[PDB]
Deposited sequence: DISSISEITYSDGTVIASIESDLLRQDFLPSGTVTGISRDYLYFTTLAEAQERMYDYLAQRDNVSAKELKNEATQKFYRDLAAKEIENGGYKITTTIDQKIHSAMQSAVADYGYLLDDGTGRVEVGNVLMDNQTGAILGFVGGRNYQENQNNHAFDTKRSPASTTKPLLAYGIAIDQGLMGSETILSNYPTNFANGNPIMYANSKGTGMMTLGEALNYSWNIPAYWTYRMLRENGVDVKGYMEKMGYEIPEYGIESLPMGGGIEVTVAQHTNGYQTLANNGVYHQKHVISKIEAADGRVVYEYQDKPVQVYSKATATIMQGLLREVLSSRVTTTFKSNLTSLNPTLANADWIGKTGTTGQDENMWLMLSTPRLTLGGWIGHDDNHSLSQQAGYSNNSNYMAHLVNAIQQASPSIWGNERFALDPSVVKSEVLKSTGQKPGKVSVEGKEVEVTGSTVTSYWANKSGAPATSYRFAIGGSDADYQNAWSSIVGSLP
């Protein structure tokens, strides 16, 4: 008899009608397929043959059914159970008057990539689609820390207080870049761009990456994302990207773990009855962002939750368990164009928890499904996890790496004090200031005219005009 086990050896089942069974069985069959094909000396060339693939997939399945294999998962029994009870008890809180709302969640150890528990859906018995591991949806604005701002910072093209343009602007086709029914405002710090999840600042950031020839694909692929076309305007808003929750959880794991990626996994070992190791997870850690970059981003995402602008999460959690709400949470929300998908990604230094909600047919959620319902659900979910394993979230704080450089910049320009040229009259540029965190060697540049990320000639006119009137 083959058994699937929790991470401490306790048996999950013999080879039973929920997500856990089918998800861990599927992954194991995949690992068995690879072992068996290698064992039988099947070249990767012969492995291309579709009749051969089919035979080896069935072999792997039967090999488990019949054999005496021990399959060690990463799953934590108390944690995963709590997470199931949570979704059964509180999942109704997702329903926002747009029909039954589906959900997927993945809880991941930041230092290993191991998956400690997950939520595949509202109720396997009614809908078997696995929303943690199978369904792919746009990650929307949760793309921005990874693909736009994180890389800009890591490339030394901006720092924690750099200014960006949220002035009105169009896609190449001439259409307005929208954020909800807003069409934009004026300049703003990275903090505000992130806390509000504005779109124009993300657009301009990714334009600057393109203009500088930055290898964005390299960052993304190091974390296991497959994106077919990087040449998309709305890429940093999640356009052209579809991800599972497990995959996307792994990106935020990278940020949380000070820039070091660990590949997600639910299977840790497969052994034959006699001990022969058939499969074993091999950890391959990769420094995707510099320690400076990640710790600076950690500090921005702390205020994304604190500010409470796009999510009620900290309020919800404070009420349920104020001691847990005092742990060091950082996070980012996301919303697709027709309120089709909502994400909330949460981390402590120890764990990351990814969450998505939506409909299987892709129809719209209510305007507040992400801001409110999913934040509240996730608060309950995080509470449930803590009560099942009191120390699992940890009490450690995120902190800036020593390698972080700190420059005093002007609040107004996000840049160092200096002279600068505004039609005629070149200005001494005074005003109040702040400490900006950079991930390069020199830190903030001297102030120059085109001070923001992005913006039109009109834009800089209005801005400097408003700025100078303030001297």
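inquiry  = Which parts of the deposited sequence lack C-alpha coordinates in this model? Number from residue 1, please.
reply    = Since the structure holds only modelled residues, the stretches it omits are 1-4, 20-37, 494.
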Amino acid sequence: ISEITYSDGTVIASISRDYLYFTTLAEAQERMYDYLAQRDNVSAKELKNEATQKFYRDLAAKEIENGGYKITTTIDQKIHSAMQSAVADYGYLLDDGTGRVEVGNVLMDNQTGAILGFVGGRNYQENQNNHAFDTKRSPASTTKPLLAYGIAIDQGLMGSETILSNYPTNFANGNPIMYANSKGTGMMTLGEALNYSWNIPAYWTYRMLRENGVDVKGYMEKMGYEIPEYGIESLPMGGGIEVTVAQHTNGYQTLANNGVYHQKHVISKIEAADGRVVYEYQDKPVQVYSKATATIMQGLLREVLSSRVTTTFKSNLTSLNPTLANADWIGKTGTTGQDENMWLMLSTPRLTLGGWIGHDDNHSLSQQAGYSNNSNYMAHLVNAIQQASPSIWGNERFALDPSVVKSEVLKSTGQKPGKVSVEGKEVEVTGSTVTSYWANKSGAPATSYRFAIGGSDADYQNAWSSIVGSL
From here on, numbers count along this sequence of modelled residues.
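Rigid core (definition): largest C-alpha set, two forms, superposition within 1.5 Å.
query = Is 214-222 or 270-278 the stretch whose C-alphas end up farther from this model in 6 other deposited structures of this protein after a rigid core fit?
reply = Evaluated in 6 other deposited structures of this protein, the stretch farther from the shown form is 270-278.
Selected stretch [higher average CA B-factor]: 35-43 or 430-438 = So the stretch with the higher mean C-alpha B-factor is 430-438.
task = May I ask you to compare 293-301 and 276-284 by their mean CA B factor in the entry and name the higher one?
result = Higher mean C-alpha B-factor in the PDB entry: 276-284.
key: Member of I241, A180, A325, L94 with the greatest C-alpha B factor (per the PDB record)   = Across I241, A180, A325, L94, the entry lists the biggest C-alpha B-factor for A180.
task = Place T348 in the lowest, middle or highest third of its chain's C-alpha B-factors, as listed in the PDB entry.
result = CA B-factor rank for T348: lowest third.
inquiry  = How does the C-alpha B factor of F171 compare with the rest of the chain: lowest, middle or highest third?
reply    = Its C-alpha B-factor belongs to the highest third of this chain's values.
ask   = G331: which third of its chain by C-alpha temperature factor?
value = Lowest third of the chain for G331's C-alpha B-factor.
inquiry  = Looking at the temperature factor on the CA atom of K314, which third of the chain's modelled residues does it land in?
reply    = Bottom third by C-alpha B-factor.
inquiry  = Ranking every modelled residue in this chain by its Cα temperature factor as given in the entry, which third contains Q386?
reply    = According to the entry, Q386 has a C-alpha B-factor in the chain's lowest third.
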